[PDB]
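[1] experimental structure below, sequence on top.
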Amino acid sequence: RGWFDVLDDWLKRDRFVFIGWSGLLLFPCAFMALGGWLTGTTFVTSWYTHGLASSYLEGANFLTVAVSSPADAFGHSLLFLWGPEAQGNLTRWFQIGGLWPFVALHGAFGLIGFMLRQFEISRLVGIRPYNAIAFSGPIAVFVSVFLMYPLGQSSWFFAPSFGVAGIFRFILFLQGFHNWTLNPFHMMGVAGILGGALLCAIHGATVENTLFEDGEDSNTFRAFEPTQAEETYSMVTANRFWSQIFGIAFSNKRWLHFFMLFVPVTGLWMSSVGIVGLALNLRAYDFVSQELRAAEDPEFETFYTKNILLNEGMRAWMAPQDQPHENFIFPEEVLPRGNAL
Amino acid sequence: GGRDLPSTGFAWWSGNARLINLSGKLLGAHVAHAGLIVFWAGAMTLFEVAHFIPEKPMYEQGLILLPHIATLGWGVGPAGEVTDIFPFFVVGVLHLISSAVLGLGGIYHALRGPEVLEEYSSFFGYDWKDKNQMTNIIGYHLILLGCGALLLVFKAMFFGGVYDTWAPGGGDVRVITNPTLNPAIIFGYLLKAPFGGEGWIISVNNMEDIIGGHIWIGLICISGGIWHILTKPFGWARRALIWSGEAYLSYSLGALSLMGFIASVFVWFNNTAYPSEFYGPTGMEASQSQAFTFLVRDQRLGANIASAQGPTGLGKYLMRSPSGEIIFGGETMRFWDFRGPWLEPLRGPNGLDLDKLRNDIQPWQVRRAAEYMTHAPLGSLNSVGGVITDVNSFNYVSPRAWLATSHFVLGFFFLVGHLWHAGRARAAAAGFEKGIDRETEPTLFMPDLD
Amino acid sequence: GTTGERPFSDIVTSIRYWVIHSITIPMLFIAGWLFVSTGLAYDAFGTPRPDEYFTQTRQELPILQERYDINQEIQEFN
Amino acid sequence: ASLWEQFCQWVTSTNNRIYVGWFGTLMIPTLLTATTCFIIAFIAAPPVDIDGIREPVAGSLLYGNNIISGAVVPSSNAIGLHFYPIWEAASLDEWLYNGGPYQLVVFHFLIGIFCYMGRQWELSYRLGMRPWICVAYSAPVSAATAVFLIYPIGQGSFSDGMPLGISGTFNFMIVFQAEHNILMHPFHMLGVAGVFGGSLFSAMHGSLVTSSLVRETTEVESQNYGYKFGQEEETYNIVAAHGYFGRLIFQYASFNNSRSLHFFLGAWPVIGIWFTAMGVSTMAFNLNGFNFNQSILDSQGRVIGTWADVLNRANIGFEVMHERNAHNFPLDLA
Amino acid sequence: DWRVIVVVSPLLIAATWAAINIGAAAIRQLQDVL
Amino acid sequence: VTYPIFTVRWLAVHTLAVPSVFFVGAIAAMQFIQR
Amino acid sequence: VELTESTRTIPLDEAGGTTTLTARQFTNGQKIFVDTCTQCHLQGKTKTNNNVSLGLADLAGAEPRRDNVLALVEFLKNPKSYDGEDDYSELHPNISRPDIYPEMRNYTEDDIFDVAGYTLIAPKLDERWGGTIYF
Ligand code: CLA
Ligand code: CLA
Ligand code: CLA
Ligand code: CLA
Ligand SMILES: CC1=C(/C=C/C(C)=C/C=C/C(C)=C/C=C/C=C(C)/C=C/C=C(C)/C=C/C2=C(C)CCCC2(C)C)C(C)(C)CCC1
Ligand SMILES: CC1=C(/C=C/C(C)=C/C=C/C(C)=C/C=C/C=C(C)/C=C/C=C(C)/C=C/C2=C(C)CCCC2(C)C)C(C)(C)CCC1
Ligand SMILES: CC1=C(/C=C/C(C)=C/C=C/C(C)=C/C=C/C=C(C)/C=C/C=C(C)/C=C/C2=C(C)CCCC2(C)C)C(C)(C)CCC1
Ligand SMILES: CCCCCCCCCCCCO[C@@H]1O[C@H](CO)[C@@H](O[C@H]2O[C@H](CO)[C@@H](O)[C@H](O)[C@H]2O)[C@H](O)[C@H]1O
Ligand SMILES: CCCCCCCCCCCCO[C@@H]1O[C@H](CO)[C@@H](O[C@H]2O[C@H](CO)[C@@H](O)[C@H](O)[C@H]2O)[C@H](O)[C@H]1O
Ligand SMILES: [Ca+2]
Ligand SMILES: [Cl-]
Ligand SMILES: [Cl-]
């Protein structure tokens, strides 16, 4: 037995936490990313990068702590602890936002490790690897949003911060500056996510309400056995119900479950494509025909133009605080605003 | 009865379903739960009394029970000034002690009392299918409910009265000597559209109507109680309804959902049964108050507020409702159906009256409008008052907001519970609540759809 | 169905686990406590104390602007 | 036997291609009315003075909108919460100008969807099923009711109902965030958990079932043909799926009971959507999301910013621009 | 720094407690696995 | 019966729980910081 | 920085007078402000009439100037119009009218002094103090 086979045997032992070869990448990187996030949200400020308190130590709460993006001055520097910025100084590395690339890169490699784990375990137990394929969607989201978007922009500063309110800020930023809601790729993402939730709810309810009477208890949960060969709910009854209620119904179980995979995954992939577009400011910001008409016709008003006005307001009022490195000085009189407000 | 899954068919997380046919244990559960309700009433009242600063308004201090006592005319005087703090304390103490008694009884019946009551007594023993006995329990409780309504009437008429925010000379506790028993008014309330300007029963705006409607409710409830004690359900009711414990529960759940929604709307809009003295302004009231406050200020500055047109061309301060009435301008145009004791003195037959606006505005109305405008029912979940973009220094959320939100949520979830139990009761009565029988799966005997 | 390891319920219901952990768990708790309450965390992570966000000479946000010499920048920020 | 009995057997018949039922006797007319009015208005409705300031907003395709920007515009702020049926307008043109189509479509739609939920219960009863699919459907119904009825009621005007359009929906959301900070409301966070988790569980369940499909086809044909409609046997190996998943995370986090698994699949998104519907319904009464503006002060007393303050800046930017001509007085109370 | 000493000492004490209460069986297991 | 004490599961448990309790102690202490 | 003595040092009267609040005086002034003034004075504004704010410029523009503690206490006893011509004791809360402003009847002269001092100190801690309603 060669040493490689012996190692392979040890890594793939049946234990409470499977390790595998993929574990060598997953567990250290995932632990680094998680511990980095926890450390930053507990102890680390964003005073020098954003002028914000972002840790429990500073008095922030769960909703307002974040591992904030690094200072815009560094561009897309990877900000290694040993890099030319921190130069091995851990305190300075924390202060310049070095924890953000730490978490982002370790999380990217952890995600790779987790999907490799899906592949490895699928191969070991002898099933098709569709779980890894489904997980490609979250990977596309993470790559586009946390890497490609800031890479197309001026710096990592404009990446989403790892935090609840940081993410909320990123969301509102994308609305105001990119008109992200108007983006058809985002609308396909929304369709996929809401459709996935709908499919989850409707399938769970349909199964639970077409169950066969296989026990005597009012508690129907123990009238199932994992090794039983027969279906536990009536597909025929479900199909008739949905055909008469909704007009159409699934008749193929396999197609049903592939659809439940397909819808949210495609939603994630389409939204990731849209985010890639936004990385280069290739926005679906305006409808030029309506802009031109409004510019020449002061009685043409649509919900689109109203939303454009909202975006202008958000940008002007938010930019000085959101982008402190720019030293934006917008005097009170240049701020757009409606009457009396 | 059994107390586990094998002997009952119900898991622990549905353990109360094991009580459906154990009438004594079920009675214990109900009595103990009633003890919980009364305990909360007493303890919350004592908490609110302890945390009460009696020279600050009730609505500024997160109080929801003390306003209920004040509205009933206890411990308050003109404009809602808290005269005596002792009656609030007494209400709380009495509820706490009685909750002790109720909890003792509920524990006795739930833990040691007879499991079922039917072989103990015919009077208290019941069967869900025993239609006559169920209508007997309905009758007893209807008599009690009518009696409670008459208790409200007696308090308003013979025991010091209730707080009347519409009283001349200022809102005050007054005795209602002439309740309107006229069934035209009382039951025409029930026929008013549930839309803006009509406000189906939320629009009741004088304590005479409230007390008279409660006299009618008391009589209706007592007579219906007798009617149900002395009869059994008719054939049509028997053929239309499911007759089971869970079915009766579902019926009550639907009723409760309806009442929860109604109460949320009632506290949001009505300022008669919920005087703004104790509950703060309604949102409509606060919006109208802001419009009034700036009409007054700008008029003092010299603005001719009758002829001042705003940027859009509509009157800045005054305008017409779609039916022509003179109303406050601005966004508060939507709130022109608002009526309040501080604003009606400036209202003429056509709406807001220019002569009264120009020379009849009193300093107390200005103060009241400023207070109501600054206590608009807007606030954050962590109790930061004002619009959501305001900063953290104003700790206020309107009691109306708390009550309306809570009771809309409870109404919704009780509609959900009604759907759950109604569907389950139907399925169980028809016998497929445990799933489809493989042998006699109904869809297998049906023609194909196409 | 056990992969070999001792069941958690058995371990955490045993006396020896609790003899060990009624000491170990509180010690880490108060170690983190002392980490915060001695001021070690402030100095280790560079997080400002409540009185060091601004200095008597810097009333503005100490936003980093220089690409490579951040140590000197932070020192001049104080 | 009798004419009425025959009609009853027809309406409650399980052999109709589309089940009608007694709830259907209300659903079908109201839903058809709402659909026809919606289509007509979306194509050809004239501009609507939503804000009650004589500032009509063009919602229909024929007045310059595309599919994205088109909408059925909520009724005028001047109407408020008043009932505005066609017969209370002096003319059809007045009814159109004041946004009557919105009220017609919305009221009929709401009645229709409640009757749809009742009809789901009804058909489940006629087929001998368990009755709780309608309970799951009550979540989207609750959300729709919150945005079309409850929020306008609390705010006091159907002009503050969600517009029936894509861009109108976005406008609704942006203004809602500006006024209520819905992102910082825990019920909306629970809704986000509901939909993110529902999509997550949909992807996992579909992928685990697809991964464990029993071999019944060749590599040429679709694996879907391995399942025959109405077959008694199971089409995938749930034990293999459990082995895979319980090794992916750990054994005791994996369902091996299909019934518990499917109950979880039903319950998670439904509960999340109930919570977010209640969030909107309670923000209708201006009980808003968390406000941490200036929660962190330094020792001297100067405010230290957090991400919540940046969020508040964005909210203010939205707030000061929205309905730019509608406000006369400093506080947006209505 | 004394702060380091007082932040470390609890961790060390937990280590020795666990050692003195588990060490016999731990060394047993270590020897058994060679 | 007579299982090993230390395992991969033991390490996985502690790698999380130990810093978790440390951090919780830190945050608890933060609850008492005054500006 | 700390909440230093200089930060707490505020003009005492119009003749160049100067007083320093203690930390406790400042904290009680803040507490009273939050309890009874933030109602229509959130962030130094005036919700019911923002032509007359609590900003230092508005305070100093009043007749007489109210940017010193004695003038503030005097206004809180006998409120007047911004040009000091109209008596606002019916319209602004004051300790002189406990019959219509009971929210104020429990306050001492020390309490009014503290809230006036806080009104003078808060502007130098917040650049948004006394600004536009949405600002
Ligand atoms: C008076 C009202 C009422 C009554 C008497 C019942 C009675 C019953 N219900 Mg029911 N239900 C109700 C209202 C009611 N329900 C409402 C409003 C809903 C909608 C949510 C439901 C939904 C429901 C379901 C889905 C089921 C029942 C079931 C049952 C039966 C057993 C339940 C049990 O053992 O409790 C057990 C109690 C628990 C498991 C604890 C639950 C805790 C809840 C979920 C959270 C509490 C939140 C609360 C606001 C406090 C917040 C705490 C916060 C501080 C963290 C029983 C006869 C079961 C049944 O059908 O039996 C045949 C069952 O499956 N009900
Ligand atoms: C209002 C809430 C409420 C009430 C009144 C009841 C009542 C009851 N439940 Mg129940 N239950 C509830 C909520 C409630 N439940 C919830 C939330 C769950 C989910 C966890 C359950 C799950 C459940 C199951 C699985 C079962 C019950 C059962 C029962 C019945 C038997 C009680 C028993 O023997 O247990 C005994 C418990 C004790 C002896 C412990 C002490 C209990 C006392 C009352 C504590 C009182 C303390 C109080 C402060 C002292 C004051 C005393 C006095 C001075 C005032 C009983 C009538 C059983 C049943 O159906 O019987 C057939 C049953 O099997 N329940
Ligand atoms: C609705 C609540 C309710 C109901 C339906 C019952 C029903 C029952 N109880 Mg119970 N009980 C309750 C609450 C309730 N109890 C409470 C709160 C306590 C704590 C004090 C008790 C303590 C208790 C004990 C110790 C016993 C019972 C017993 C019984 C059974 C026999 C009743 C009987 O004939 O005695 C006679 C009834 C009367 C003489 C009528 C007296 C009516 C009351 C006491 C006077 C006040 C009337 C009032 C004005 C009406 C409105 C009440 C007000 C609060 C609004 C019976 C099934 C007995 C039993 O189970 O037999 C083995 C038993 O030993 N109960
Ligand atoms: C909580 C109190 C209560 C409860 C639970 C009951 C319960 C019952 N009563 Mg009743 N009743 C009551 C109070 C109560 N009653 C009072 C106070 C009176 C005196 C006025 C009566 C007088 C009375 C009579 C004369 C009869 C009953 C009957 C019945 C039985 C069947 C009736 C039915 O199906 O209901 C539901 C009602 C219907 C199915 C009819 C449809 C009504 C309309 C179309 C519904 C529209 C409602 C609308 C949406 C709500 C808007 C509110 C408002 C604007 C109208 C049933 C067990 C019947 C019986 O069998 O007697 C033994 C019967 O003949 N009761
Ligand atoms: C940073 C860094 C690093 C790393 C580190 C690490 C990796 C660590 C860690 C760490 C960790 C790992 C920590 C932790 C933690 C934790 C916490 C802080 C917790 C918590 C919690 C809570 C709060 C919970 C709660 C709850 C709920 C809510 C539900 C139910 C109940 C309970 C209680 C459970 C190093 C040095 C390498 C390098 C440099 C950088
Ligand atoms: C059945 C059951 C249950 C339930 C139970 C219940 C529900 C109960 C209750 C109960 C109750 C409901 C109770 C009570 C009580 C009360 C008391 C015990 C009292 C008292 C008193 C006092 C002592 C007072 C005092 C005072 C005064 C006199 C005045 C001043 C203030 C004070 C407070 C000091 C459960 C779920 C658990 C489970 C098991 C079974
Ligand atoms: C006190 C008061 C008043 C009075 C009130 C009254 C006098 C009332 C009433 C009321 C009433 C007297 C009511 C009621 C109700 C009813 C209901 C709620 C119903 C129903 C129904 C149902 C539930 C049905 C169902 C069904 C159907 C649909 C068909 C088939 C069969 C069945 C059964 C399923 C006034 C406002 C003046 C003033 C203020 C206070
Ligand atoms: C899977 C791979 C994971 C890669 C990451 C794993 C952790 C890697 C950490 C590497 C850290 C590099 O840390 C770096 O160490 C060197 C060597 O001591 C230090 O260098 C220091 O000592 C050396 C000699 O002793 C001097 O010449 C130098 O001037 C001084 O700075 C750097 O100041 C520090 O930045
Ligand atoms: C849970 C883990 C928590 C993270 C760690 C918490 C402790 C933080 C460590 C701060 C220690 C002292 O922090 C300070 O900055 C770094 C630490 O690398 C050292 O920095 C020095 O060494 C490095 C490494 O060769 C070189 O770049 C150079 O010689 C100099 O910068 C300083 O001499 C020290 O004074
Ligand atoms: Ca006040
Ligand atoms: Cl807008
Ligand atoms: Cl306005």
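    Done, it's in. Residues are numbered from 1 along each chain as shown, chains lettered A, B, ... in the order given. Ligands and ions are numbered 1, 2, ... in the order given.
[2] from ligand 8, how far out is the residue of the stretch 201-334 of chain D at minimum distance from chain C?
    Closest to chain C within the stretch 201-334 of chain D is residue D:299: 3.9 Å, counting by C-beta to the nearest C-beta. The C-beta positions use only the backbone N, C-alpha and C, and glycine is treated the same way. Note on residue D:299: its distance to ligand 8, by C-beta to the nearest ligand atom, to the nearest Å, is 34 Å.
[3] and what of residue A:298?
    Counting by C-beta to the nearest ligand atom, the separation of residue A:298 from ligand 8 is 61 Å.
[4] residues contacting the one residue sitting closest to the centre of chain F?
    For chain F, the residue sitting closest to the mean C-alpha position, by C-alpha atoms, centre = their mean, is residue F:18 at 2.2 Å. By C-beta atoms under 8 Å, 6 or more residues apart in numbering or on different chains, residue F:18 lies in contact with residue C:28.
[5] so how many other residues sit close to residue 17?
    Let's take chain A. Applying other C-beta atoms under 10 Å in any protein chain shown, we find 18 residues neighbouring residue A:17.
[6] try chain F instead
    Using other C-beta under 10 Å, residue F:17 has 14 neighbouring residues.
[7] all helices for the stretch 151-300 of chain B, in order.
    Taking DSSP state H, counting those that start in this stretch, the helices of the stretch 151-300 of chain B run over residues B:183-189, B:207-229, B:235-240, B:245-269, B:276-279, B:283-301.
[8] and these: which comes nearest ligand 1?
    When those are compared by C-beta to the nearest ligand atom, helix B:245-269 sits nearest ligand 1, at 5.7 Å.
[9] for ligand 12, what's its nearest residue on chain C.
    residue C:61 (36.0 Å; C-beta to the ion).
[10] typo on my end, chain G
    residue G:133 (12.2 Å).
[11] that residue reaches residue D:329, doesn't it?
    No. Contact criterion C-beta atoms under 8 Å: residue G:133 and residue D:329 do not qualify, at 9.6 Å.
[12] between these two, which has more neighbouring residues?
    residue D:329 (25 against 21).
[13] hmm, residue B:317 and the more buried one touching each other?
    No. Using C-beta under 8 Å, residue D:329 makes no contact with residue B:317, being 9.5 Å away.
[14] hmm, back to that, looking at it, the residue of chain C closest to ligand 12 is touching residue A:46, isn't it?
    No. Contact criterion C-beta under 8 Å: residue C:61 and residue A:46 do not qualify, at 10.4 Å.
[15] what's the burial count for the closest residue to residue A:184 other than its chain neighbours?
    Distances taken as C-beta to C-beta, 6 or more residues apart in numbering or on different chains place residue A:284 nearest to residue A:184, at 6.4 Å, with adjacent residues excluded. By other C-beta under 10 Å, the residues close to residue A:284 number 19.
[16] so which bits of the stretch 101-250 of chain D are right by ligand 6?
    Counting by C-beta under 6 Å from any ligand atom, the stretch 101-250 of chain D comes close to ligand 6 at no residue.
[17] so which residues of chain F form helices?
    For chain F, helices defined by DSSP state H occupy the ranges F:8-30.
[18] which positions in it make contact with ligand 5?
    Within chain F, the positions near ligand 5 by C-beta under 6 Å from any ligand atom are F:19, F:20, F:23, F:24.
[19] which of those sit farthest apart?
    Using C-beta to C-beta, the pair of those lying farthest apart is F:19 and F:24, separated by 9.5 Å.
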